Amino acid sequence: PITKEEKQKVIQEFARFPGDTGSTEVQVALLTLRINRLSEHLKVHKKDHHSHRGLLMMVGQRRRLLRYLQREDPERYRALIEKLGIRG
Amino acid sequence: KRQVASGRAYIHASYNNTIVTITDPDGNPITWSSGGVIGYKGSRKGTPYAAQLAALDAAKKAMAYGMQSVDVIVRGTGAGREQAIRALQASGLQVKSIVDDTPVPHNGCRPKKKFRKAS
Amino acid sequence: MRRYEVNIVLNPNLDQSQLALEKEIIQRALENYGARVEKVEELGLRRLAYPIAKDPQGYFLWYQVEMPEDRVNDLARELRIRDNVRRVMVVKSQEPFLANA
Amino acid sequence: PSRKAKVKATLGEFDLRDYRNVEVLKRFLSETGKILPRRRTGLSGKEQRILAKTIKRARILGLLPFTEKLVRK
RNA sequence: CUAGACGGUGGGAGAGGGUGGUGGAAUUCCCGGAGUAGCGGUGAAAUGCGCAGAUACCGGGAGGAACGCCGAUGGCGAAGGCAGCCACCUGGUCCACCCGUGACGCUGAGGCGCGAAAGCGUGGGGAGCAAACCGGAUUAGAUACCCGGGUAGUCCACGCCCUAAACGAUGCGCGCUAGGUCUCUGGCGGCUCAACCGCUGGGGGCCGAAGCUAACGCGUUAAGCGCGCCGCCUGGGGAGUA
């Protein structure tokens with residue numbers, strides 16, 4: 001699982017400013033975190049399909065927030081990606 | 001011809017026949033009776049009357065080995081199982097206790113068609 | 001780490017020594033897995049509702065620990081290895097849900 | 001009718017989560033190892049649901065029975 | 001920008017999923033013990049089993065499969081579907097605070113994925129059950145129903161198949177339109193506490209306003225009043241065939 005520590009560490013590491021909890025950057029970060037763990041869990045447990053839907057959704061909600069980033073600030077976007085290391 | 005006195009009586013009821021087996025304080029049978037042991041051959045074998053006769057036959061014969069007191073153990077349900085538990089109480093033997101120990105699975109083997117259509 | 005509750009039921013026929021030896025391996029085992037013994041209780045002997053290993057009684061050990069969940073499963077594999085150990089139940093500690101109060 | 005007495009009322013303030021209180025737990029069992037219905041346990045859907053896990057945990061440990069024989073009949 | 005949506009902090013319930021572990025009941029078989037003449041089975045029977053000793057009973061062992069009570073009128077899941085306990089890994093979801101982002105939305109042809117049983121391929125397993133099959137009986141005949149056996153299969157793994165009273169016979173989202181009653185799960189609140197009660201949120205049922213409907217019935221879990229998008233019908237058979 002992801003400890004509160006593990007969590008806030010990412011939240012503060014992405015926040016746009018002191019106290020930023022829901023910036024697109026943050027959200028995307030937290031989702032990238034959950035995804036990876038799940039993608040991991042799933043490298044083993046290739047049968048746990050039920051959890052896999054959960055992933056399809058995380059990946060979904062993420063690629064959809066990112067889509068929103070370009071549209072708005074095309075810079076923060078390229079910025080977030082490079083950082084998080086999304087795409088591939 | 002051993003002279004036991006105190007023992008067990010197993011009543012095995014079923015919808016086809018009743019068979020009583022008397023035993024010593026720890027399980028080994030002394031004598032046994034059934035619907036067949038006595039007259040009855042087919043359907044008659046089940047009927048409570050037979051159960052009765054068989055119960056008695058069981059006790060009487062066991063009276064020989066000097067039986068007196070017995071613990072009754074009922075297994076299964078069927079054509080007159082209670083009659084057997086009665087013929088005993090009266091047979092002469094002092095019945096110390098009646099106990100239902102009819103086996104039941106915690107769901108193990110698929111039963112034959114005849115006993116399925118359930119769940 | 002997470003706070004747990006280890007239960008252990010072992011043979012009620014151990015002599016002062018034999019017993020203290022099994023407890024040895026336990027305490028030893030616990031550390032080997034990160035078990036930080038927060039406390040303990042020892043109701044000892046108790047008349048089981050049904051026989052366990054033919055024996056109608058049992059000796060009880062209760063330890064409330066704190067350890068790396070990623071090993072709690074091993075901790076018990078280990079605890080079950082003993083021959084005198086005839087029961088091992090590790091449980092996540094939980095706030096006492098009161099009732100009729 | 002089932003109006004003899006609610007096991008809950010006929011008792012004190014206990015921790016439904018405690019799987020070792022053979023003393024109290026044993027109270028919610030039929031004349032067999034069976035767990036009594038709410039009709040008789042006087043517990044609520046939620047309470048009664050927590051009892052079950054506790055009564056079951058207690059069964060594994062050997063403190064509580066799984067099933068007992070019936071006397072009389 | 002915050003009324004939608006998403007996020008944060010904090011509470012919560014659950015047979016949601018995956019891996020490993022772990023128990024007892026019962027069936028079958030095997031071993032030991034103890035005991036005779038039948039057991040079994042049916043509407044009656046017979047086949048069958050039993051004196052190489054069966055049947056019921058006690059103890060020991062091996063193996064496979066499933067997991068009473070609780071259990072519900074209950075819960076979970078998108079559906080198919082899902083019910084010992086333990087740990088690990090993991091999905092969804094509700095509530096409180098209103099703290100952060102600031103329309104980041106809805107639907108969704110094709111695609112991709114999931115999708116009971118039976119069935120297929122390789123290997124394993126096989127306790128019980130059981131297509132085919134082998135017998136017994138019933139019958140005018142019995143290629144059936146009933147009874148005794150029994151292979152595939154059912155169980156596991158890996159791959160394939162992709163179907164169905166898969167039903168609430170009620171495509172997805174959103175908004176709007178009396179109540180009453182029972183129920184599962186959360187809440188904060190009222191009486192000095194509690195017991196008791198409140199209303200309030202999510203879910204499951206019943207009855208019913210307005211309304212709808214051919215009728216039956218539906219009735220905030222719509223089949224009502226509206227909007228968006230998808231799929232589908234046009235008559236029946238031929239045919240889900242060529």
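Residues numbered from 1 in each chain as written, not as in the entry; some residues may be left out. Chains lettered and ligands numbered in written order. Part of a larger assembly, values for the part shown. Heavy atoms only, no water.

In the PDB header, X-ray crystallography is given as the technique by which the entry was determined, and 8.7 Å as its resolution.

When its secondary structure is counted, chain D shows three helices and one strand. Going residue by residue from the N terminus, the α and β elements of chain D occur as β-α-α-α. Its C-alpha atoms give chain D a radius of gyration of 12 Å, near enough to 11 Å, the size a compact globule of 73 residues would have. With the principal axes as the frame, chain D shows a C-alpha extent of 35 × 25 × 20 Å. Summarising the internal contacts of chain D: among those between residues at least 6 apart in sequence, 57% fall at separations of at least 24. Total accessible area on chain D is roughly 4500 Å²; 53% of this is exposed by carbon and sulfur atoms. Averaged over its 21 positive side-chain charges, chain D has a centre that lies 9 Å from the centre of its 7 negative ones. (Helix = DSSP H or I, 4+ residues; strand = E, 2+ residues; numbered from the N terminus. Rg over C-alpha atoms; globule rule 2.2 N^0.38 Å. Contact = heavy atoms within 4.5 Å. Areas by Shrake-Rupley, 256 points an atom, 1.4 Å probe, with all protein chains shown as cover. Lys, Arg positive; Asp, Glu negative; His and termini not counted. Charge placed at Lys NZ, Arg CZ, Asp CG, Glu CD.)

Turning our attention to the protein's contact with RNA strand E. Near RNA strand E, the surroundings consist of 86 residues, among which B:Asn28, B:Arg75, B:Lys112, D:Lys46 and D:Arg49 are the closest. Close to the protein, within 4 Å, the atoms of RNA strand E are drawn from sugar and phosphate at a rate of 81%. A:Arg34 has a polar side-chain atom sitting 2.8 Å from a phosphate oxygen of RNA strand E. Note that a sugar or linking oxygen of RNA strand E is positioned 2.3 Å from one of the side-chain N or O atoms of B:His106. The greatest single-element share of the surface near RNA strand E, amounting to eleven residues, is contributed by helix α3 (residues 49-72) of chain A. A class-by-class count of the residues in the surface near RNA strand E yields 27 nonpolar, 30 polar and 29 charged. (Near = heavy atom within 4 Å. Polar contact = N/O pair within 3.5 Å; in protein donor to acceptor, adjacent residues only side chain to side chain. Nonpolar A, V, L, I, M, F, W, Y, C, P; charged D, E, K, R; others polar.)

Let us look at the sheet that holds strand β4 (residues 69-75) of chain B. Residues and elements named next belong to chain B. What the five strands build is an open sheet, ordered β3-β2-β1-β4-β5; its pairing is mixed. A single partner strand is all that each edge strand has here, and the edge strands are β3 (29-34) and β5 (94-100). Taking the axes of each pair of neighbouring strands and ignoring which way they run, one obtains an average angle of 20 degrees across the sheet. Note: strand β2 (residues 19-23) against β3, five bridges, orientation antiparallel. Pairing of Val20 across the sheet is with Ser33, part of β3. Helix α1 (residues 48-64) contacts β2 and β3 of the sheet and is inclined by roughly 155 degrees relative to β3. (Pairing = 2+ DSSP bridges. Axes fitted to C-alpha atoms, helices over the stretch in contact; angles between N-to-C directions.)

Contact residues are listed per partner, giving 23 residues for chain C and 25 residues for chain D. Counting the surface lost from both chain C and chain D, the interface buries some 2000 Å², and carbon and sulfur atoms represent 56% of this. In terms of surface lost to chain D, no three residues of chain C exceed C:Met89, C:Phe97 and C:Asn100, which account for 33% of the buried area on that side. On inspection of chain C and its partner chain D, the count reaches three salt bridges. Our count for the contact surface shared by chain C and chain D stands at twelve residue pairs in polar contact. When contributions to the side of chain C that touches chain D are tallied by element, the ones reaching two or more residues are β1 (2-10), β2 (39-52), β3 (55-64), β5 (85-92) and β6 (98-99) of chain C. The dominant element in the side of chain C that touches chain D, judged by the number of residues it contributes, is β2(C), at seven residues. Sheet analysis places β6(C) next to strand β1 (residues 14-15) of chain D, joined by two bridges and oriented antiparallel. (Buried area = accessible area lost by both parts, 1.4 Å probe. Salt bridge = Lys/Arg side-chain N within 4 Å of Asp/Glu carboxyl O.)

Another point: the pattern of salt bridges. All names here are of chain A. With the rule as written, the count across this model stands at 22 salt bridges over all chains. Between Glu13 and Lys83 there is a salt bridge; the shortest N-O distance is 3.6 Å. On the criterion of sequence distance, the pair formed by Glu13 in helix α1 (residues 4-14) and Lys83 in helix α4 (residues 74-84) is long-range, its members being 70 residues apart. With a relative accessible area of 42%, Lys83 lands in the partly exposed category. (Buried < 20%, exposed > 50% of the residue type's maximum accessible area, 1.4 Å probe, protein only.)

Quick look at the pairing of β2(B) now. Residues and elements named next belong to chain B. Taken together, the five bridges between strand β1 (residues 6-12) and β2 define a ladder with antiparallel strand orientation. Pairing of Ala9 across the sheet is with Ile22, part of β2. A loop of six residues connects β1 with β2, the two strands running antiparallel in sequence.

Where the three pairs of chains in contact are concerned, the greatest contact count is recorded for chains C and D. Chain A makes no contact with chain B; the smallest distance between any of their C-alpha atoms is 28 Å. The least C-alpha distance between chain B and chain C, which are not in contact, is 17 Å.

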